[PDB]
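Here is the structure we will look at, set down as structure tokens.
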Amino acid sequence: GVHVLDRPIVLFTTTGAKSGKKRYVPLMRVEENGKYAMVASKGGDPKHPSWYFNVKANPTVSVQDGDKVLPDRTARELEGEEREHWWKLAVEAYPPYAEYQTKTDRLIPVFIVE
């Protein structure tokens, strides 16, 4: 229902691939030129957050940033240099993300929402 969002957080709305159920995933705001990143950490626990598999099963994801709603955009798991770029923006936004990363050799997934 109605969410109230302010920096430093944004809301990503996911839709169940099997059920159609909406789930609401607040994450740190990591933004550039109208695109957003979803950093798939889990608070320093190295296992995946429960939404990770959901955005891969159904990449259609809405964003709410302040009063602005970007409906039914597409989440794409980043690779390579592009992941690195968005990782840098994430660590500037929320430095403990880098601390989360020191707890595993596997790169924390980052999705671009576009």
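Position 11, counted from 1, in the sequence shown is what the deposited numbering calls 37; the numbers after and before it change by one each time, with no gaps.
C-beta: ideal position from N, C-alpha, C; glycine also.
Work out the CA separation of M64 and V51 for me, nearest whole Å.
The count along the sequence shown starts at 1 and reaches residue 51 at position 25. The count along the sequence shown starts at 1 and reaches residue 64 at position 38. The straight-line gap from Cα to Cα measures roughly 9 Å.
Select from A83, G60 and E57 the residue whose C-alpha is nearest the C-alpha of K44.
Taking the first residue of the sequence shown as 1, we reach residue 44 at position 18. Selected option, being the one with the closest Cα: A83.
Suppose you measure from the CA of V117 to the CA of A101; what does that come to, to the nearest Å? Numbered from 1 along the sequence shown, position 91 holds the residue referred to as residue 117. Numbered from 1 along the sequence shown, position 75 holds the residue referred to as residue 101. So the two alpha carbons sit approximately 20 Å from each other.
*For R132: DSSP bridge partner residues*: Taking the first residue of the sequence shown as position 1, residue 132 is located at position 106. Note: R132 sits in no beta bridge, so no partner.
Please classify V87 as buried or exposed, where buried requires at least 16 other C-beta atoms within 10 Å of its C-beta. Position 61 of the sequence shown, counted from the start, is the residue given in the question as residue 87. By the 10 Å Cβ count, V87 comes out buried.
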